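**Student:** Show me the folded form of this:
(one chain, ligands or ions: 1)
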Amino acid sequence: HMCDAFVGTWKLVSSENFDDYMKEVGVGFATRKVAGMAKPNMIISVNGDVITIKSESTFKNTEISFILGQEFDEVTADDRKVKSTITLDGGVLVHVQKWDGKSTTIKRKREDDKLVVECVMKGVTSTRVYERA
Ligand SMILES: COc1ccccc1Nc1ccccc1C(=O)O
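**Tutor:** Numbers count the residues shown, from 1 in each chain. Structure data below:
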């Protein structure tokens, strides 16, 4: 009953500061413009100890499956090849991505009826709000 309140299908409803986050990450102009337009659906499921997060949009369809605390390799939607580790910290899913000596953290939290996603790169934070589909 690990992660029960995250499971389901979620749709992006608002975003703030995501272009600046993507700049901080090193995403180029054209990818930023197309990615910034996307309205993804985030589909979260659990089977035993394995969590799957799918992100589907007109920009890209991605899928990750993982066990909490167990590193995995991920190709991100913007084509970074990263080493990722996802843990649960006080009810928040914390996703750390490492590549080229850099690091970014993506937090997913349940707040009221929303799933709030915070993406942080250095001093730049972006908040993306998802609602149930
Ligand atoms: C952590 O995600 C990113 C970081 C940098 C650049 C892009 C992304 N990924 C996205 C951006 C917009 C819409 C959907 C996604 C997705 O992942 O499906």
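**Student:** Under a three-state scheme, what state does the residue nearest the centre of the chain occupy?
**Tutor:** Compute the mean C-alpha point of the chain, and by C-alpha atoms, centre = their mean the closest residue is residue 106, 5.5 Å away. At residue 106, secondary structure determined by DSSP: H, G, I helix; E, B strand; the rest coil is strand.
**Student:** burial of the residue nearest to it when sequence neighbours are not counted, as a residue count?
**Tutor:** What sits nearest to residue 106 in space, not counting adjacent residues and going by C-beta to C-beta, 6 or more residues apart in numbering, is residue 95, at 4.2 Å. Just so you know, the C-beta spots here come from the backbone N, C-alpha and C atoms, and that holds for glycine as well. Neighbours of residue 95 under the rule other C-beta atoms under 10 Å: 19.
**Student:** Please work out which residues outside the helix or strand where residue 95 lies touch it.
**Tutor:** For residue 95, the host element (DSSP states H and E) is strand 92-99. Residues outside strand 92-99 that contact it (C-beta atoms under 8 Å, 6 or more residues apart in numbering) are 3, 6, 74, 76, 80-88, 103-109.
**Student:** which of these are buried?
**Tutor:** A residue is treated as buried here by neighbour count (16 or more other C-beta atoms under 10 Å); on that basis the buried members of these are 3, 6, 74, 76, 80, 82, 84-86, 104, 106-109.
**Student:** Sounds good, over and out.
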